[PDB]
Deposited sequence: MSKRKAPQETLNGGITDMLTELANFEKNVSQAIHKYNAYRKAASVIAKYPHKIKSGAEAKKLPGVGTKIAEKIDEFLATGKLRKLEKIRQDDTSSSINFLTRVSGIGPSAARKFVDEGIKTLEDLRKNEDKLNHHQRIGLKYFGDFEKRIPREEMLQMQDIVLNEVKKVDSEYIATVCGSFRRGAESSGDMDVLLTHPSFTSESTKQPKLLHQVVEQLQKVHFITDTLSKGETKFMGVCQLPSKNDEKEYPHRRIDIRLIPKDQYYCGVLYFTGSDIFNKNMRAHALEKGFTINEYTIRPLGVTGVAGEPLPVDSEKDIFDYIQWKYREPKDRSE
């Protein structure tokens, strides 16, 4: 169900969502508007009343009232006020810079720092992440066509095998589910030498190689298990340069690896289904492990996992191929 069906409603709710996150600083209000918005974008009919949307899980009284207002007037008074408040607009715009959240956005705007230009004048007042966010402002809001993702995977997988045959690297996220575009690149890495009860150089080695073939161009944050940064596919000496992309690389213990892959491959709703079914099948699944659930609810010791299917086997589920994991 595309835009023509309920696009005016879900944009209204999304815009309210962003307002509560970035301005009011009310992340649960933001997540409720997101919840309401996503369930309506599923709904396969044009909504003719707020009461009809109220049937849906996540749409409640106040949103149905807003839905009645928008259906009747074509606008939402509350949102029209927000759009005309210059502080609300500047603060919302600034959070679009990676590294600038509601707190920094409001601080900036309170001292008359409102535009990309203003930030440029005051790079002294930015931390490193935020300067990278400013530098790539437009690039970071572009999507990544799957054919580019496949290229990026080739580069990462081959450079990783180059450092050690024994690494395991998986690109996860919507990409692994067959998605046609990606917002970023999320890479799950492990090595059989690194377990839950056992190096400080295992992630760094891979980040180094990737810098040396000039794939990674910037670092937003790097520790011993999580790397966050920027990359770029190589351009033809003769052709327009590809846009810089966001890449994360996560190093995970080998015995928690396939739970990590299962988790970061998702989707979020599928995760909720698989955990729900597993709970009432006597197991609890989190990011790291699957554990048996006792008759009183006491989780036992983690179960050996040697593949994703191992997790489906434990909970008596037919392997759901990543492309079929939309719910």
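Taken in order along the deposited sequence, the stretches absent from the coordinates are 1-6, 205-206.
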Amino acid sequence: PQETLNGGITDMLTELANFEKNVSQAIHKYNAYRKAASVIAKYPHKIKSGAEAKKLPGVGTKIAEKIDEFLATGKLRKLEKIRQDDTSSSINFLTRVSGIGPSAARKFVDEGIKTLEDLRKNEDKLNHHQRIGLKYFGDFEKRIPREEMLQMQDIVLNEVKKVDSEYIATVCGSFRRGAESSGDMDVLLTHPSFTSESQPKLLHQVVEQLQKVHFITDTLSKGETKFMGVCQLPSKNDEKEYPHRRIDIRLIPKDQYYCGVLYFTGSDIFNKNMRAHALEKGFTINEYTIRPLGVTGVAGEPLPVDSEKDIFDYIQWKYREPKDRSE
From here on, numbers count along this sequence of modelled residues.
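Only the largest set of C-alpha atoms that superpose within 1.5 Å between the two forms is called the rigid core.
Relative to the displayed structure, the C-alphas of 263-271 lie farther away on average in 7 other deposited structures of this protein than those of the other candidate, with 37-45 and 263-271 compared after rigid core superposition. Between stretches 99-107 and 168-176, greater average Cα displacement in 7 other deposited structures of this protein relative to the shown form, fitted by the core, falls on 168-176. Of the other compared PDB entries of this protein that include residues on both sides, all give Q209 atoms, none of them, and so not a third, leaving it without. Omission of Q199 is seen in a third or more of the other entries compared for this protein where the adjacent residues are built. When the mean C-alpha temperature factors of 292-300 and 24-32 are read from the deposited coordinates, 292-300 comes out higher. Comparing 245-253 with 228-236, the stretch with the higher mean C-alpha B-factor in the PDB entry is 228-236. Listed residues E141, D184, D218, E123 were ranked by CA B-factor as deposited; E123 comes out on top. Remark: of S198, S98, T87, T170, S198 shows the highest value [criterion: C-alpha B-factor in the PDB entry]. Residue-level temperature factors show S165 in the highest third of its chain, judged at the C-alpha atom. The entry lists a Cα temperature factor for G133 that places it in the lowest third of the chain's modelled residues. When the modelled residues of the chain are ordered by their C-alpha B factor, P145 lands in the middle third. Sort the modelled residues of the chain by CA B factor and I67 lands in the lowest third. Residue-level temperature factors show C259 in the middle third of its chain, judged at the C-alpha atom.
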